[PDB]
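For reference, the chain that follows is the form deposited in one PDB entry, supplied as structure tokens.
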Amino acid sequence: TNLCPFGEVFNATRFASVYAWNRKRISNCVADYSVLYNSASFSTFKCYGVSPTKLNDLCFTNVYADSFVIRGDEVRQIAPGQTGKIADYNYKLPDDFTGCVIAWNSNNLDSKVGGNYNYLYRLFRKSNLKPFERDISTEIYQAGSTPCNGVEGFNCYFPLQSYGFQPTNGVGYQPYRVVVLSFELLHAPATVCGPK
């Protein structure tokens, strides 16, 4: 019954910045994870709340595919109960996550010479991020007790910082494309399971 549009997500020309992670709904298809492989050298495929071996014998009300890019030393922060800049400011996953993440290196395809400024991450925020929340406001974040009326300068920085991806970066500093599939199931007809 049709194949899930995993190409449109994994083969996508450009991934959104982590602070504006995309969200594509996938339903009314069959998840054939066999074809997912042989697409770059994956760096992580770890699933919580569901045994991968039986992934083909169960399906859900729907699944949400959130795609973004982060540096390797940061990918470990994409997991329930984790802490870090990404975990508290950009992308936060609930402790009861029912789904799992996929990460693969994209250095050869997503690291321009001299710095790729197309990708930004939120480095400052007043408070942590609630699970599955999106923030895109670029208001000037004051740090001290001196209001700056929205002017960049001393003790008042621009919240977003661009990732300086370069070919000569560290082994783990190179960009990593991350796609998180959140399997959401309720008392509704199932939508996305592969061959029995």
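The first residue of the shown sequence is 1; numbering continues from there. Rigid core: the largest C-alpha set superposing within 1.5 Å between the two forms.
Below, we turn to the form deposited in another entry, even though it does not appear here.
- Of the residues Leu160, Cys47, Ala40, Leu129, just one CA atom moves 2 angstroms or more between this form and the one not shown under rigid-core superposition; it belongs to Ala40.
- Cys148 is among the residues whose C-alpha shifts by 2 Å or more between this form and the one not shown once the rigid core is aligned.
- One change in that other deposited form concerns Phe165 and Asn38, whose Cα atoms lie at least 3 Å farther apart than in this form.
- Relative to this form, the distance between the C-alpha atoms of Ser39 and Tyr119 is increased by at least 3 angstroms in that other deposited form.
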